[PDB]
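Single chain ahead, written as structure tokens, the form solved without the named molecule.
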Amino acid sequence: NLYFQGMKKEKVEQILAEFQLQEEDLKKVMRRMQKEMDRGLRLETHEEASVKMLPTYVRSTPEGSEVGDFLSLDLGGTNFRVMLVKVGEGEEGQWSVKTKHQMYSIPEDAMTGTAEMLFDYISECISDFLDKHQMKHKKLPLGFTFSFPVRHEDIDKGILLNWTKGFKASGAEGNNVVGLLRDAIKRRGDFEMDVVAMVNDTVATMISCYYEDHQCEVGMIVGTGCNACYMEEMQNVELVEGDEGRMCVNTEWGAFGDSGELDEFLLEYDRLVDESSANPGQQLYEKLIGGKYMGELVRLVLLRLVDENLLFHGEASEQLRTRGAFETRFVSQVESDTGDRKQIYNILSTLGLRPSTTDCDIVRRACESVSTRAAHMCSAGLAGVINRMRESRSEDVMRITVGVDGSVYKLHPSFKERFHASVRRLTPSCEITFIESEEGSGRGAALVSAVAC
């Protein structure tokens, strides 16, 4: 019965309508975000603020710079990346180019063991890399892209406030991250490095986009996690001395909602994802968006649909009932389907399911709902930052460039398009250019290191 397939699809639509956010909902989220951002910048409310607005000590005038060979480290995902990057004088300023690169999978027992284990592993990887390229012992300036909330005292010194994205290594929170890295390198003792700069991935991304676009003063990550940085007026950065020029601020907007600010928008699936995560009650805005959580959100929606007898004859496979089994890349692949249902079919088949045609269509709709809410929620955050910037500055029309990295933004067929449209609706009187970084974290880390060096 085509009539009863259609009836199944109308029921699915009623359940899926819960993910809708209206323009006014997004404006409410945006205003709330802006409020928390104000609170994060002020000495009086900083400690209470869920959105920390952390000074990076990356400034508008980095005085000068330096050229030569730079090593970049990137820790923040399931993979740890080492690369050699060359920084050199161009016609606009410094260019940077990725030349030798290697990536290492972090063992499970290193991300959730002790900080000694984690940083020992990192030091081992740095040795392996320097071996493969004979650039060993030698001393090189090292830039560390370290994609977790850090309270900086300077560019080369900052403490880990808390792990995010499933990181749980004991003995790291409250300690100087550069210190933890130097200590581990010294314990191995088979090379020496000049640790010159530590930066957030958002910041690395913004920096890497400058040489090509000097209007880039926002960096955004929509990958495993979700965060943004931007160039704030020094007069508004109350935690740092001085009123002149600008400093990059790491919003850590992922923790937005951790004081209840998103409560009316959270769905059962969100509560379930939060509760089975490594950091329950934390990073709640990020959990609506980030790749670490998106596929899992879809899996939970599909389980609700099977339990309602609307999908897969009401039976869920072992794989479908396995945590993390619906990968976030499957969300993108499903929404890449050209209409013949082939891509969707093959995903669900490899998950042990026997999908029908309408099963495939419902799974598409489930993915679209989760990823569209992610796009819309993210848009409210970026719009809040950009509207903030426009007001802080002297601008009837603000023209700004946003530098972006992360697999969700880059590889999802329609996230990007839905995101841009929503951001534009919320930012009248702004002309926003989006740029995707190419090796943003590696080249960014090198460029900041060149300045600090």
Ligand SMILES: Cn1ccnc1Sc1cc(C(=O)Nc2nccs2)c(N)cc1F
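Start at 1 with the first residue shown and count on from there.
Not on display, but discussed next: the form solved in complex with the named molecule.
Only one segment in the set 423-431, 61-69, 31-39, 380-388 has any non-hydrogen atom within 4.5 angstroms of the named molecule in the deposited complex, and it is 61-69.
None of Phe191, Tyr121, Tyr211, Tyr104 but one reaches within 4.5 angstroms of the named molecule in the deposited complex through a heavy atom, and that residue is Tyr211.
Comment: the named molecule is not present in this chain, but in the deposited complex one of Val178, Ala172, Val273, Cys216 has a heavy atom within 4.5 Å of it, namely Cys216. Across the proposed site, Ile155, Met206 and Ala452 without exception bring a heavy atom within 4.5 Å of the named molecule in the deposited complex.
Residue contact check for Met231: one or more of its heavy atoms lie within 4.5 Å of the named molecule in the deposited complex.
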